[PDB]
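Coordinate analysis (summary)
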Amino acid sequence: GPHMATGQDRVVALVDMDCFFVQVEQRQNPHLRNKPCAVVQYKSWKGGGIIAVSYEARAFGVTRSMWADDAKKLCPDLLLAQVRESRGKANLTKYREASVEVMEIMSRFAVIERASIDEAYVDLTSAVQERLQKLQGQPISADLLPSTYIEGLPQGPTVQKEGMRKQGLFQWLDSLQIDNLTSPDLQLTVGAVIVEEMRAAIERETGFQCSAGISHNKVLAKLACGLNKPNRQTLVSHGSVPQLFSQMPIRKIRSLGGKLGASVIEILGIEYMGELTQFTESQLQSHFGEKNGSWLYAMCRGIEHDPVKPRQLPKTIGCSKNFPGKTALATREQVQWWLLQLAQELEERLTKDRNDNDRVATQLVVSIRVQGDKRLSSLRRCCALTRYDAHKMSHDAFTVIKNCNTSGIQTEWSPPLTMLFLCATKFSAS
DNA sequence: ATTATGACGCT
DNA sequence: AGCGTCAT
Ligand SMILES: Nc1ncnc2c1ncn2[C@H]1C[C@H](O)[C@@H](COP(=O)(O)OP(=O)(O)OP(=O)(O)O)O1
Ligand SMILES: [Ca+2]
Ligand SMILES: [Mn+2]
């Protein structure tokens, strides 16, 4: 009852860019705007692999991981932009730099956690509390929430989608008790007002549109964000959780999309997040471990405590390349040349990072894959990163991997390498 | 031949 | 530390 925590202490948003790499290319090339288009990497194998898809192209069935040649079968007029190639490999610098544009704007509003190249969590609890004082018990107009959906509404008492959106927003606002400065629903609503402002600023200052979720924690904010893409934001209230979760496949919740989620389904014989409420915390801990069990027990009730971490910059800087099928590296000269290519991109990015962010990486992580293994990595080894020098880093990487070679012979490499990976880690202030 | 990343958990 | 999971 009165002592039962409800996980309504925070206001958390998740802001996620719409079809991000496509928008970056569409800003650069106006011919691609408002078209079915996709971003591809490489080209010689089946037209290249698609990594981002405009909403116009999605209507034709084009998806990520599709070969461009195959996408063209669904959408003959599909336009394509290619990822830059430098030193023989895909280079994602344009998108990392566009990401910084967005992250720096968001940081003006609140402390953010960079969750990916195109999304960040926002802890808005303090900002909400300041805005609530400014409001002075003044009601929140629908005009302040022009792109907001209230999940679960309208209910009860309608043809167009925008009209449905407004109907739900009106029901929500009509029911709001603005007299209580500690009402969680009011706090979320003010959070949503701030996120409208944030999203408007991002679009004004970069050209990029985004979606967002507003709720009481990161998992609900993430889930909310996807409910009404693109270019819209969604408020998921604590009260909306029982209905929302009653038909929500377990795999849709962040961290449950893989083996753990499959195990929850198999072991408990359930399908939807809401069905988890019928198990005790100890029951869930017995199957999934102490940490997962407690997390699931609270999460299926809409409660999660994971903080928005104050971190805007990536913790690592890495450079990776696959060498599939017959392109696998089978000579020592090959392995050395590609280690150098990777190290040269790594040095470039490291040197810029040191100048921009007043830090230095101290550990180099080297990872490879061998033909036949179908784990991501076959072997991971670290060594010291003492100088930002590509020839040194590539020599050091070779040194830590070189006994991998089963080939008796000097020059040959067996089994051939199908992936190389260099990663700079363990930053210290500088 | 679903690539190039990047965070965090386990032991 | 080196490996695995999950994610975009
Ligand atoms: N599996 C991947 N491999 C390589 N790049 C990826 C992969 N997934 C995502 N990206 C890149 C390209 C995306 O534009 C960008 C952001 O990913 P993501 O948020 O999942 O989709 P998206 O921004 O392209 O569309 P959406 O509007 O659905 O969010 O990160
Ligand atoms: Ca996105
Ligand atoms: Mn994303």
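Here is what the cut-offs are and how they apply
Residues numbered from 1 in each chain as written, not as in the entry; some residues may be left out. Chains lettered and ligands numbered in written order. Heavy atoms only, no water. UniProt positions renumbered as here; feature names shortened; annotations may be inferred. Helix = DSSP H or I, 4+ residues; strand = E, 2+ residues; numbered from the N terminus. Buried < 20%, exposed > 50% of the residue type's maximum accessible area, 1.4 Å probe, protein only. Domains from an automatic or database assignment. Contact = heavy atoms within 4.5 Å. Buried area = accessible area lost by both parts, 1.4 Å probe. Salt bridge = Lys/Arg side-chain N within 4 Å of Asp/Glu carboxyl O. Nonpolar A, V, L, I, M, F, W, Y, C, P; charged D, E, K, R; others polar.

Regarding how it was determined, this PDB entry cites X-ray crystallography in its header, along with a resolution of 1.5500 Å.

The heading Catalytic activity in the UniProt record of chain A holds the text "DNA(n) + a 2'-deoxyribonucleoside 5'-triphosphate = DNA(n+1) + diphosphate". Listed in UniProt under the heading Sequence similarities, the comment for chain A reads: "Belongs to the DNA polymerase type-Y family."

Further remarks concern the environment of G226. You can see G226 is positioned in helix α8 (residues 218–227). Relative accessible area serves as the criterion here: at 49%, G226 is assigned to the partly exposed category. Remark: the alpha-carbon pair of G226 and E271, spanning 45 residues in sequence, is separated by 20 Å.

This part is about the domain arrangement of chain A. How big an interface is tends to be reported as the loss of accessible area on association of its parts. Along its sequence, chain A is carved into domain 1 (1–18 + 89–249), domain 2 (19–88), domain 3 (250–307) and domain 4 (308–430). Each of domain 1 and domain 4 has a C-alpha centre, and these two points are 39 Å apart. Each partner contributes residues to the interface: domain 1 has 18 residues there, and domain 4 has 14 residues. Considering only the surface of domain 1 that becomes buried against domain 4, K89, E113 and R114 emerge as the three largest contributors, covering 48% of it. Run the count over domain 1 and domain 4 and you get 1 salt bridge. The closest approach of N and O atoms between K89 and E345, which form a salt bridge, is 2.8 Å. Broken down by secondary-structure element, the contributors of at least two residues to the side of domain 1 that touches domain 4 are β6 (89–90), α4 (93–109), β7 (112–116) and β8 (119–123). Per-element accounting of the side of domain 1 that touches domain 4 gives the leading share, 5 residues, to α4. Within the side of domain 1 that touches domain 4, the residues separate by chemical class into 7 nonpolar, 2 polar and 9 charged.

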